[PDB]
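Everything below concerns the one structure shown next.
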Amino acid sequence: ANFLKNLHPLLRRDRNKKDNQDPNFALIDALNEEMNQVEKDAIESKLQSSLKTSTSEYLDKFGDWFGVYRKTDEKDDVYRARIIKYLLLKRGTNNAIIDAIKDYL
Amino acid sequence: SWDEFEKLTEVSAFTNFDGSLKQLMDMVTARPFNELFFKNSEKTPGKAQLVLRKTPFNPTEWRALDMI
Amino acid sequence: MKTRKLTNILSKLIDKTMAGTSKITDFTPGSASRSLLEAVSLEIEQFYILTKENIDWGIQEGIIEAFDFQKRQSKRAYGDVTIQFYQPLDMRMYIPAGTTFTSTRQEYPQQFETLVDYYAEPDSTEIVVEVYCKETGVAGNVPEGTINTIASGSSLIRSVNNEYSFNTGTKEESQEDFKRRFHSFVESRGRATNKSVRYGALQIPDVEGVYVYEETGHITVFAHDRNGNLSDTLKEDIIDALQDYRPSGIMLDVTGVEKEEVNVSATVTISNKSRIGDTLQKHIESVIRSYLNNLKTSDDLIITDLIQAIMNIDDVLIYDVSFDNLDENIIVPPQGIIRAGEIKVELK
Amino acid sequence: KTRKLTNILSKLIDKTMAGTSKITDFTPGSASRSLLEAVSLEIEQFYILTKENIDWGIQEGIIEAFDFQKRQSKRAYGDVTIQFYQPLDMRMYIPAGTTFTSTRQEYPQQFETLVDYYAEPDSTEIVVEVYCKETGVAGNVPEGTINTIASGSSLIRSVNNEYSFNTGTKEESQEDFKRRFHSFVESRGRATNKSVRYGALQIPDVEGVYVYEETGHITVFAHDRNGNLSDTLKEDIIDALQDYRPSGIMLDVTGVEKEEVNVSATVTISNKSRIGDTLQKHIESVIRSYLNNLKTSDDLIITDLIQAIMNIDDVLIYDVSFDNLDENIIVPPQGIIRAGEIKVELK
Amino acid sequence: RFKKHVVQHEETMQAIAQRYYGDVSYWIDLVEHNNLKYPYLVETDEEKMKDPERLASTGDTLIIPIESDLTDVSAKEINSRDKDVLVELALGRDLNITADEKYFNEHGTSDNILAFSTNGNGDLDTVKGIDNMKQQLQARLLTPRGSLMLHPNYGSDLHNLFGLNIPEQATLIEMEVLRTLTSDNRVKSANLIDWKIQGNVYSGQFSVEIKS
Amino acid sequence: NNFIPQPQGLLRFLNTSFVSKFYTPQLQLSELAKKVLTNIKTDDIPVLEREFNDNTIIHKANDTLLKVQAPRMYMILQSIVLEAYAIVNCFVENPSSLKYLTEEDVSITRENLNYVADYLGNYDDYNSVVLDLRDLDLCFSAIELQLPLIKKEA
């Protein structure tokens, strides 16, 4: 998606070198910059759309979905590992219960 | 159809002696209060549809019909 | 990717536009450029909002797809009815499944049908059978004594009535309910645990309330539907489907339910001295009945929770609420369930 | 009521036939028929004139007696003067419709002259009235903007308007006209709670005024100025309410006091793993915001507080209790609830 | 639509109504369109000086709506106050993109030519009235047929019609221009008025019957 | 009210620092809202015994904490709904309520609608509410242009 492309045939898509000031070029540049920023934000959402790289509010939503609650002053890297470990919790056997003491130490 | 004005019914299958389903269909329709006809399915092209709706002579129902 | 209001985006775009020239700085409401920029910013804000909503929906869909824990669809309403004969029965009659039941009341035209056959014993006078509502949703929760006729010949039947209301009829589960169910499922992966047995018994869609009581060498399971009446077929289905979560070395039993009764008396001081008639009292009593009947075996009656439930009405109308009898929280036994009995409500 | 051309013409023809025996022909083009038709047309025009007059009378005529002005979308106009290089030696002609374009490019407004003007034989200057083409407030122009004339001449030097165009007018609907009259009539009410409130609110720096009424004395208090009331404001507002108070009934004005509330509540959460500093801080902020936003003379009902605190999340909160709050706190009419010290404990 | 009319000397509103609408009885509703007081037509100029806005005199422009729109209350309300603005609204309003009128003529069938401009102060220039119609016609003629990204079949094949400057090519160009001009439903029709080909430059002119 | 009942929840809801550079709010109540609000406050109005359509904007406002977090902003939302509710009623039924609303009263609603929209946009919780009100922002402007013209027609 490019604002310069597919806009119109007759519209002047380049600034006039005859005069420094050009409201048309300024408007086109501002619109293109806004739409390019929107495109970059949309592309940047790929990391936020996956649990392996979700951060900030998205990771909190993932934790709420999985039921694992964020601890105070907890960073994303440790929080994701804690979520993964809790989802694969090993408990029920005497050795596993004893091995679970590491989380209660 | 007019659910509010119509009470519970006990329409029998054999109301017409050795009659067709169309004859029994007419009794259920209770014309002219309800219109029944076969027409092409505009919403789903490629197949037919059976229509059984209240008569369009009502003001709001008249507006509901698509205009051509 | 973060939410941004329209005004900030519009200001940023206007600031960017002003670079390189000074023949544009006029943004009154009558200006068309301002209108175009407002429309563009509105579209961008709507795009951001829809993107966030679709991201949340995609997260939900991925959670659905990964563990195959699909959301529960609309749940059929069902209950029990009583068949009354003119005279005591002489011969063993037959009642095939699918027999229709209809309510003569115009306000509740929804139909009901049976699924399992029933046989009337000889020298009988009455029999109880189960009926399942064809429609699914709120329409199935008819009041008491709504079903009047069988909608058939009824040669040997005088009248039909139901002594209990229908509560199993419910709409589709909300997002919060699915989130809680998924959290229970995630915490239930470790078998031989009470939280795991909770999900194991709750996996059947019909079950709503469920509780597990443990002792030194025996495990007991208490469960019931929204109406609060366990069935043998439900117990058999639970036993069949729970084999993948039962403890290996400990016996399990699924039985036990009792309706605990309590009378609730409350005093309400409405802010408006006018309009203190019995209609609002009846409405409040119905609301209290709906709240109390919604509780389950795991839940316990709490004074503050009841206060919050009744005070859902706007605080401007109801200014103060107090209980003459209830002064301390009541602990429900594990087998029993607390529910409304005979409720009396008065102004003062 | 008004009658159309046909009825009047038929009545005239019938009366002419009844009275006149010498006239029998009424074909089109007849002199008598043309005369009767002209008379009927004039009568119908007079009927329409009376109809329009009655329409104006019902719409705004009765209200015109009271003190208010009507607007009829009159286009802006003002005096403009023109100067010449030398005194004239001829009677120059200024035909109507001459366009006085605006010299400033940013102003697209234009003006036209309705009536012709004749320059004097030797006058060096002349002032004429010019009306704008566009109605509404948009026709207003600042001073020193009209300095160009379309019908230029060698003798003409420049144009200028010393006085700005103030006669710009815009017309509103009948409801807008009637609402001001209703407000004026309503404002004339006196010796009532609502009238006293409106009179107090008329003076600036008067907001959130509360009135307490009794058979013995009437007390009025407010926190208009930054949550506090000054003595000078009390002195100013006592005199103003003299016209508004009932005759023979005492009037009193006092300040507004506050009663801070200390609460140490406890909350039990179903899922203890969710607790944290942020959650308790948010709960405390919600509680203090709710307690701060209390109306004047509003009793602190514990039931309302329980409903507010437990409405944050039904699933999260399971039980609530207050360690240092026995029952609902009653406040005088002049008191207002405020958050002195709040503590929340998580169980 | 509405036909323009000028008040004639010693003329009455009844004759004005009768000339166009045929029946004089329609004059009762026609006055509301013009938004005039009871002195509908007055020869005295100083009489109009008291309230020029709500009065008319000789030489002023009147509005004559068609019979279908005569009875519409909305048409009466709009024509009462807009007056001269009706023509601009009737022909529409659009942004003006003729920043360089001298330049765009030098590059026919060339992209990246038109651009926005500025008039007044701090606002993009706009065009209205017959100027807007002429600008739209010129843009349509310059725009090739199958270049726009939406609502295709907009423009002309003028770029492809360059040839050996022979009479048949000239008639083909004439027909293409006529079809391009007549595409808009607002314009009635068009016809060539003069042809002139000398050397390697094609020249000509056309006349268009614009409604109202 | 005269023709059909209304939901219980809407009836309960209706009866009852930060500043935007572009917009300047004001608390001028419409004349129509003054009289219609009294009828809602009084009991003389039919009302249903059940509620549906949980996706409406009213339930969204109730679910969020806008009441306690920003009661001033919550009050403006009630005012917007009050004027919005009344102008729906007159067209469908009771045409006598006409010639009691002016373009100025409808115009100020957009000023308040945009003023509260900016505050709601500072947090992601109110995204659903902001998505709804922005749709009505263009809806009122169409009524403002046609309201003087519709009044003369009727």
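Nothing in this text is a laboratory measurement; each read-out follows from the coordinates by a stated rule. Please note: Cβ atoms are built from the backbone with ideal geometry, for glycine as well, and neighbour counts cover all protein chains shown.
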Between E:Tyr26 and D:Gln72, what's the calculated FRET efficiency when r is the beta-carbon distance and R0 is 22 Å? Round to 0.05. 0.30
Which distance in Å, rounded to a whole number, links the C-alpha centroids of the stretch A:5-69 and the stretch D:166-222? 52
Check: the stretch E:40-160 dipole with +1 on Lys, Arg Cβ and -1 on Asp, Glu Cβ, in debye: 460
Cut-off 18 Å (backbone N to label point 7 Å along Cα→Cβ of B:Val11), residues of the stretch B:42-68: B:50-56
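Note down the magnitude of the dipole of the stretch D:201-347 about its Cα centre, charges +1 on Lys and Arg C-beta and -1 on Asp and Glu C-beta and zero elsewhere, to the nearest 20 debye.
On the way: 12 positive and 27 negative charges, 133 e Å.
The calculation lands at about 640 debye.
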Please report, in Å, the Rg and the Dmax of the stretch C:191-318, where both are computed over Cα atoms only. 19.9, 66
If the cut-off is 23 Å between C-alpha atoms, which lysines fall inside it for F:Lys60, apart from same-chain ones fewer than 8 positions away? A:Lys61, C:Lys2, C:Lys5, C:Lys52, C:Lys71, C:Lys171, C:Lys179, F:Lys41
Given a Förster distance of 30 Å, the FRET efficiency implied by the Cβ-Cβ spacing of C:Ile343 and F:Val92, rounded to the nearest 0.05, works out to 0.15
Once both label points are put 7 Å beyond Cα along the C-beta direction, the C:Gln335-D:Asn262 separation in nm becomes 5.0
The stretch E:167-212 and the stretch E:95-145 have their Cα centres apart by a whole-number Å value of 20
Extension reserve of the E:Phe206-E:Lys4 stretch, reckoned as 0.36 nm per residue once the Cα distance is removed: 70.3 nm
Selected from A:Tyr58, A:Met35, A:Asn20, residue furthest toward positive end of dipole (the stretch A:18-64; charges at beta carbon): A:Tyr58
Using the charge dipole of the protein assembly as shown (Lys, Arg: +1 at Cβ; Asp, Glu: -1 at Cβ; taken about the Cα centre), state which of B:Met67, D:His182, C:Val186 has its Cα farthest towards the positive end. B:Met67
Which residue, chosen from A:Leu89, F:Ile45, E:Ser207, occupies the Cα position most advanced towards the positive end of the dipole of the protein assembly as shown, where the dipole is computed from +1 (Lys, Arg) and -1 (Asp, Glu) charges on Cβ about the Cα centre? E:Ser207
Under the 0.36 nm per residue contour assumption, what length would be gained going from the current alpha-carbon distance of A:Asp76 and A:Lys17 to full extension? 16.2 nm
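Below 8 Å, C-alpha to C-alpha, sequence gap of six or more: please give me the relative contact order for chain E in percent.
Numbers: 267 pairs, mean separation 28.5, N = 212.
Relative contact order here is 13 percent.
Quick one: compute a quarter of the convex hull surface over the Cα atoms of the stretch C:239-293 and quote it in nm².
Details: hull surface 29.3 nm².
If I average the Cα hull's projected area over directions, I get 7.3 nm².
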Starting from 0 in steps of 5 Å, tell me what percent of the Cα-Cα pairs of the stretch C:1-98 lands in each bin. 2, 8, 11, 10, 8, 7, 6, 6, 6, 5, 5, 5, 4, 4, 3, 3, 3, 2, 1, 1, 0
Alpha carbon Rg of the stretch F:108-153, scaled by the compact-globule rule 2.2 N^0.38 Å: 1.42
For a test of the definition: using alpha carbon positions, the gyration tensor, and the 1.5 limit on a/c, classify chain B as rounded, prolate or oblate. oblate
Once label points are set 7 Å from the Cα along Cα→Cβ at both A:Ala100 and D:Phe181, what is their separation, rounded to one decimal in nm? 8.3
The stretch D:200-347, relative contact order [Cα under 8 Å, separation at least 6], %: 31
If you line up the Cα atoms of chain A on their principal axes, what length do they span on each, largest first, in Å? 84, 26, 17
At the level of C-alpha centres, the distance separating the stretch E:68-82 and the stretch D:70-117, in angstrom, is 31
Could you bin all the Cα-Cα distances of the protein assembly as shown into 20 Å bins starting at 0 and give me the percent of pairs in each, rounded to whole numbers? 7, 24, 31, 24, 11, 2, 0
So how strong a dipole does the stretch D:1-150 carry about its Cα centre when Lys and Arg Cβ are +1 and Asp and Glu Cβ are -1, to the nearest 20 debye? 1060
Principal axis lengths of the stretch D:265-347 from Cα atoms, whole Å, largest first? 45, 21, 20
Cα-based Rg (one decimal) and Dmax (whole number) for the stretch D:101-217, in Å? 25.9, 85
Only loop residues by DSSP count here, and only those with at most 15 other Cβ atoms within 10 Å; note down the trypsin sites (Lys or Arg not before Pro) in the stretch C:81-137 that meet that. C:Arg92, C:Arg105
Average the reciprocal distances over every distinct pair of alpha-carbons in chain F, invert the result, and give the Kirkwood radius in Å. 16.6
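Relative contact order of chain D, please, whole-number percent, based on alpha carbon pairs below 8 angstrom and at least 6 residues apart.
Over chain D, the number comes to 13 percent.
Taking the Cβ-Cβ separation of D:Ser230 and D:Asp323 as r and a Förster radius of 41 Å, what is the calculated FRET efficiency to the nearest 0.05? It would help to have the intermediate numbers written out before the result.
Working: r = 39 Å, r/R0 = 0.96.
That pair, D:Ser230 with D:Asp323, gives E of 0.55.
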If you take the alpha carbon radius of gyration of chain E and divide it by 2.2 N^0.38 Å, what ratio comes out, to two decimals? 1.36
What Kirkwood hydrodynamic radius, in Å, does chain D give when the mean of 1/r is taken over all pairs of distinct Cα atoms and then inverted? 30.1
At C:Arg105 and E:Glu106, where each label point lies 7 Å from the Cα along Cα→Cβ, what is the point-to-point distance in nanometres? 8.8
